[PDB]
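Shown here is one chain on its own, the form deposited without the partner chain, set out as structure tokens.
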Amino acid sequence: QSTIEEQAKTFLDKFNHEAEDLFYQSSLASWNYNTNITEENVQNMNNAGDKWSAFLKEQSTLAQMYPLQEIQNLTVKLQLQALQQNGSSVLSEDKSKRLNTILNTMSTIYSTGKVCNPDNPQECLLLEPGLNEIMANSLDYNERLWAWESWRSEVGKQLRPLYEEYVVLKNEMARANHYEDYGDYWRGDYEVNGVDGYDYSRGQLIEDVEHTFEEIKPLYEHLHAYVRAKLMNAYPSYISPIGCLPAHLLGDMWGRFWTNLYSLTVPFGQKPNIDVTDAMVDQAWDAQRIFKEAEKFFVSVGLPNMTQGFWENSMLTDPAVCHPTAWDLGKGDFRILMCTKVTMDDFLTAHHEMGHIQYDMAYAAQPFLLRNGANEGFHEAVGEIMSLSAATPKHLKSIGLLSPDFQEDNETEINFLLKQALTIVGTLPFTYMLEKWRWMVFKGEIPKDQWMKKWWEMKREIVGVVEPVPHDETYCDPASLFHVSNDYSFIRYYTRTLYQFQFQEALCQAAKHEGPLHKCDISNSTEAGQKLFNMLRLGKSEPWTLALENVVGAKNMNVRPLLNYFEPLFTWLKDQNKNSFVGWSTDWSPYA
């Protein structure tokens, strides 16, 4: 090709080799600290992690010598584009220093936030575990209200003036990088250009999120109405049969998930949940057995075994940081770090983390920067569908953790789907509405004097949730969630959720599965493993739209598979709700 393209290819070839060596060495230090926490290693790992962050800055400068307009090879364009990003470099040194100070202060205000007893001002509670325990386990309306209000008053108010200047500085940075605003900048993770038939604009994400949410509304309104009727028995006299759910009664500090409402809403409380923890301890299962069974599951669909380095290097038990994590260091080195316990949860989590490893192994041959998920939602969606198959009674029988004669009754099935929906479906309105608020704020569509007014109009309208006390514009309730005060995009939790049921339905059709989608186990299906692997090996070398089509046969996000997964619960909920109101009036509030 042309001289500029040839020189770009040569540059990228040298970048990819230099990056592999330094990333392997840098992430090798991360493995030392996270498996052997010492005072030396915190700064020793910083010495390796700072060396890595500066290398990308120098390589970014070198990448700018090759105009993107001259590159015709799309794989080279994709790599140059990721390298040519300026980010906060477009800001003046004063504005970068200010933004970084604001960012660090918001993060610190959140992580040190605490509320104290008004009668005993030295007795204080942190979010974890103190306030979180109240929000999950308290049945005292006023104690829940006190924790919900105090967090937003002590923490959120502190963040309000910081969040205003964060919006200004972030928008200026995004505009200088030729985006419309900071929200438009975040939506760039889904952008696809220059591939005919697979393009995707940044605005299209807003329309696709809003269209798929439209179809979610009937299921969510019926879940909401069922929960609301059950919550009236849990908190008598405090909940209107036609109104929104008071925001402090939802089982965590924000209502991000309804998971902790289960024992207050369980359809058939006498049917216990399927748990194979005891069956595993009885059969003398250890951590080695868990991951070996996980490896057998992936081998069963045509994916490879784990590597010799995996077993040699992975830390599968507490001897460290105990977050379940999958490691992709390069040079054929893959590891899992997990302080495994002999429980059903860790058996499911091990399938999740090895799904990450299978994804990592499949795209290991891609260029350095293309060794990533097709977009921000892909990787966790791949891990989630591994737990879906591994948790079914069907699969638990085949590995001998359920008796061969075990039949799951229809009341136990409804309990499981409802518990699933409280977490999976309950978070979708929350996630879309929060990100919609931020998107509109970044767009300049919500004036500062209406920030909290619009936040709670949108909570009432979209989420069916109402503030138990009025909040003026001294509050910054969004910033009282970690993701907002710590500058993380949120829509990934929406797209990942829809992706995972798109994946599972396609894999289960390929396996020619019979019956309800939620009972499917893709084990021993090489067709499903080949369908999945045709996307896994792409990394992000292809448009995410193409990678999705490789699994499910369509180019776009689709919520119909999620609706299919929950169809048995939807049918049951409509019958439960036949004498209840479905939906809500935004006019009721606990205080007015």
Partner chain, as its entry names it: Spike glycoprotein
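Numbering follows the first chain given and starts at 1. The term rigid core refers to the most C-alpha atoms you can superpose between the two forms while keeping them within 1.5 Å.
The same protein also exists as the form deposited with the partner chain bound; that form is not shown, yet it is the one meant from here on.
Chemist: Could you spot which one of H471, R335, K459, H224 gets a heavy atom to within 4.5 Å of the partner chain in the deposited complex?
Modeler: The residue from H471, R335, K459, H224 that makes the contact is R335.
Chemist: Can you pick out, from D275, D449, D286, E312, the residue that has a heavy atom within 4.5 Å of the partner chain in the deposited complex?
Modeler: It is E312 that has a heavy atom within 4.5 Å of the partner.
Chemist: Based on heavy atom distances of 4.5 Å or less, which listed stretch (427 to 435, 326 to 334, 414 to 422, 244 to 252) is in contact with the partner chain in the deposited complex?
Modeler: Flagged stretch: 326 to 334.
Chemist: With a cut-off of 4.5 Å between heavy atoms, is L62 one of the residues that contacts the partner chain in the deposited complex?
Modeler: Answer yes; at least one heavy atom of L62 falls within 4.5 Å of the partner chain in the deposited complex.
Chemist: Can you work out whether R496 and the partner chain are in contact in the deposited complex, taking contact to mean some heavy atom pair no more than 4.5 Å apart?
Modeler: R496: no contact with the partner chain in the deposited complex.
Chemist: So, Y66 and the partner chain: in the deposited complex, are they within 4.5 Å at any heavy atom pair?
Modeler: Yes - in the deposited complex, heavy atoms of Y66 and the partner chain come within 4.5 Å of each other.
Chemist: My question is simply whether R152 lines the interface with the partner chain in the deposited complex - judged by any non-hydrogen atom within 4.5 Å.
Modeler: Outside the cut-off, so no.
Chemist: Could you list which residues of 368 to 384 come within 4.5 Å of the partner chain in the deposited complex, counting heavy atoms only?
Modeler: Only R371 sits within 4.5 Å of the partner.
Chemist: With the two forms superposed on the core, which of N120, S89, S263, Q450 shows a CA shift of 2 angstroms or more between this form and the one not shown?
Modeler: With the rigid core superposed, the residue that stands out is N120.
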